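Report on one structure; see the data block that follows.
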Amino acid sequence: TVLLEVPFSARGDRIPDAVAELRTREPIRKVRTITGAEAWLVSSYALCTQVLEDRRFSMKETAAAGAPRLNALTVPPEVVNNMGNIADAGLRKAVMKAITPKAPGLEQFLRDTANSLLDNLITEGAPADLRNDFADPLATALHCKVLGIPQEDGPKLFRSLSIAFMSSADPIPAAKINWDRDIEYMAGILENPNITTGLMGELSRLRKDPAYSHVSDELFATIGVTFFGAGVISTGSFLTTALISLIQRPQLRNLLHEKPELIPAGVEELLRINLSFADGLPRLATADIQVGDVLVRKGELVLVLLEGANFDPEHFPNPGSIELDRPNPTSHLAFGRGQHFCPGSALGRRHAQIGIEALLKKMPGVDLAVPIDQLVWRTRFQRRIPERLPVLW
Ligand code: HEM
Ligand SMILES: O=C1N[C@@H](Cc2ccc(O)c(F)c2)C(=O)N[C@H]1Cc1ccc(O)cc1
């Protein structure tokens, strides 16, 4: 027998029975990654929270040369410390303020965009592909608006993502080509006088403010590339798999259609049960640290399995069921926890809430147009997503 390999399954419509067996028997245990490295896979709520809240389990140290790797880097090593670099530049407050869903008109733009996408699918007739022709275009349009960049530039930036978020054993030549091109695009945006709104408009102003005169042009461009990429891949993939979970639950679909004020609670449960992250969150130990029955040694890789935490019955009883009245509804780990908690969490919630509200109003009869087993799940990728999501209504 060989050492247990991760990831277990690229299917995003169901959790393997294996996760519950593992959490019960060995909530921290040694696995092999796709690179051949060994790692500790953590799968209980208690131990996942412990790792994420202890900064001695470091995300920037995962990029060190010679470290055991979950996958190959698709960005320059310094970008693994992206939020640390942003904070060190004095930019964290401005960046986080620009990516909230609170800017005037933003939520209306989201609703208008969702409704337009859905009207076009209704005109064309069933079947419709809710990933490529709804959820991903909605994420792309949102992030162009949030960044302040032209909508027509969205698709080209989007098409970098099927490579940029690969989970590969080896470096990916195309990832560098696309990264360098996207950095050049964002550098041009910062020099473009017509870009005055959104995140890039704000960074463009701060770039010429004496208080930021020593912040590198490379960092400013990197913020644009990285926030577009992480935001689009994360919101598009989450919404897509949330739609499957909703379609699989006609009673829930009808409840949210009938009572749209329950959509936020519904989205929070869809977040909790979401399988969009294809790999555990990686951290490198910077000291010898006890985690359950294992003494993790300095220099070892730890993988925090989000669905391990989020389906843990000790924290979320009847964990496979969507229940809108849980006492601890936001205590899931869908956005991470601790130092690296997702800075786009509010925007991600709103993207999904508006998308779902619009879908349920326009397509109350939405159902899969193919048997669920026919969905094609993307492999060796940092998200779990079906290549196409064919629906009828
Ligand atoms: C539903 C949508 C989203 C989900 C499920 C999600 C999930 C996550 C998770 C789990 C992390 C933690 C990674 C780790 O600790 O290793 C994270 C970090 C991050 N997310 Fe999100 N995210 C979403 C939306 C967004 C959006 C909209 C943006 C930007 C617009 C964004 C940008 C980031 C960035 C930059 C980080 C790194 C933060 C750091 O290292 O401190 N995400 N996200
Ligand atoms: O390595 C990082 N890189 C970017 C994210 C990123 C990755 C690849 C890209 O091509 C891109 F545009 C953006 C970031 O901000 N933080 C760290 C840690 C990290 C990784 C994955 C992740 O999903 C979220 C965070």
Side-chain angles (χ1 to χ4, degrees), residues 59-60 63 74-107 109-110 113 139-161 164-165 175-176 178-236 335-336 339-348 350-351:
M59 159 186 290
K60 81 168 183 292
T74 68
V75 295
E78 64 272 14
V79 178
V80 176
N81 195 43
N82 194 38
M83 280 304 316
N85 299 330
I86 291 163
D88 289 342
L91 293 167
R92 182 158 146 90
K93 273 178 201 289
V95 169
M96 281 180 79
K97 188 169 179 305
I99 67 173
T100 67
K102 291 319 214 165
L106 181 64
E107 293 184 2
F109 169 88
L110 254 181
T113 301
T140 298
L142 172 60
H143 285 79
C144 289
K145 179 60 79 171
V146 165
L147 262 64
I149 64 174
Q151 290 290 318
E152 72 172 23
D153 295 347
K156 180 149 189 58
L157 291 168
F158 172 79
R159 283 190 295 275
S160 291
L161 303 184
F165 285 89
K176 176 178 201 328
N178 287 331
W179 174 266
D180 285 348
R181 184 194 70 247
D182 293 345
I183 289 288
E184 287 309 297
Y185 168 84
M186 287 302 168
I189 286 292
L190 291 156
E191 286 277 291
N192 183 342
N194 287 16
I195 304 297
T196 68
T197 68
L199 174 64
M200 301 312 293
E202 184 60 27
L203 292 179
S204 295
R205 277 186 297 276
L206 295 170
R207 180 168 170 260
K208 303 298 181 188
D209 181 322
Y212 303 86
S213 68
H214 304 292
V215 177
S216 77
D217 285 354
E218 173 69 22
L219 181 62
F220 285 114
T222 297
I223 295 167
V225 176
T226 54
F227 276 66
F228 182 93
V232 170
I233 206 67
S234 296
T235 58
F335 294 118
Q339 177 79 7
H340 296 283
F341 183 85
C342 181
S345 67
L347 186 64
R350 213 68 190 105
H351 171 265

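The first residue in the sequence is number 1, and the count goes up from there. Note: hydrogens, waters and symmetry copies are ignored here, and every other heavy atom, side chains too, is used.
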Measure the OH-OG distance between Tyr185 and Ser160 for me, rounded to the nearest 0.5 Å. 11.5 Å

Of all the heavy-atom pairs spanning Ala94 and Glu202, show the shortest one and how long it is. CB-CG, 4.5 Å

Say you draw a straight line from CG of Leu161 to OG of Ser234; how long is it, rounded to the nearest 0.5 Å? 10.0 Å

Less than 4.5 Å apart, any side-chain heavy atom of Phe227 and any of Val146? no

How long is the span from the OG atom in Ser204 to the CG atom in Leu199, to the nearest 0.5 Å? 9.0 Å

Within the structure provided, determine whether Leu142 and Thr113 are in side-chain contact (heavy-atom separation under 4.5 Å). no

Can you name the closest pair of heavy atoms from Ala221 and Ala187 and give their distance? CB-N, 4.0 Å

Nearest heavy-atom neighbours spanning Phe158 and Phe228: N-CE2, 3.8 Å

With rounding to the nearest 0.5 Å, note down the distance linking CD in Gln151 to OG1 in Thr140. 9.0 Å

Does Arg92, at its CZ atom, have more than 12 non-hydrogen atoms belonging to other residues, nucleotides or ligands within less than 6.0 Å? no

Evaluate the side-chain proximity of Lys60 to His340: yes if any heavy-atom separation is below 4.5 Å, no if none is. no

Quick one: are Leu106 and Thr100 in side-chain contact, heavy atoms under 4.5 Å? no

Any side-chain heavy-atom pair from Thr235 and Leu347 closer than 4.5 angstrom? no

Donor-acceptor under 3.5 Å (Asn178 side chain, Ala164 main chain): no

Just so I know, are the side chains of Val95 and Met83 near enough to count as touching, which here means a heavy-atom distance under 4.5 Å? no

N/O donor-acceptor pair under 3.5 Å between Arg181 side chain and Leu157 backbone: no

Which pair of non-hydrogen atoms, one from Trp179 and one from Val75, has the smallest distance, and what is that distance? CZ3-CG1, 3.7 Å

Value rounded to 0.5 Å, distance of CG in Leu91 from CE in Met96: 13.0 Å

Supply the atom-to-atom distance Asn85 CG to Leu219 CG, rounded to the nearest 0.5 angstrom. 6.0 Å

Heavy-atom pair with the smallest gap, counting every atom of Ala63 and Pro77: CB-O, 3.9 Å

Less than 4.5 Å apart, side chain to side chain, heavy atoms only: is that true for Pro343 and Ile99? yes

Minimal non-hydrogen separation, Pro155 against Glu152, with atom names: CD-O, 3.6 Å

What's the verdict on side chain to side chain contact (heavy atoms under 4.5 Å, CB included) for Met186 and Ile223, showing C-alpha distance, side-chain angles and the deciding distance? CA-CA 9 Å; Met186 287 302 168; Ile223 295 167; over 6 Å; no

Yes or no on side chain to side chain contact (heavy atoms under 4.5 Å, CB included) for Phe165 and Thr74, after CA distance, side-chain angles and deciding distance? CA-CA 7 Å; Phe165 285 89; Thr74 68; over 6 Å; no

Could you check whether any side-chain heavy atom of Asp217 comes within less than 4.5 Å of a side-chain heavy atom of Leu190, counting everything from C-beta outward? no

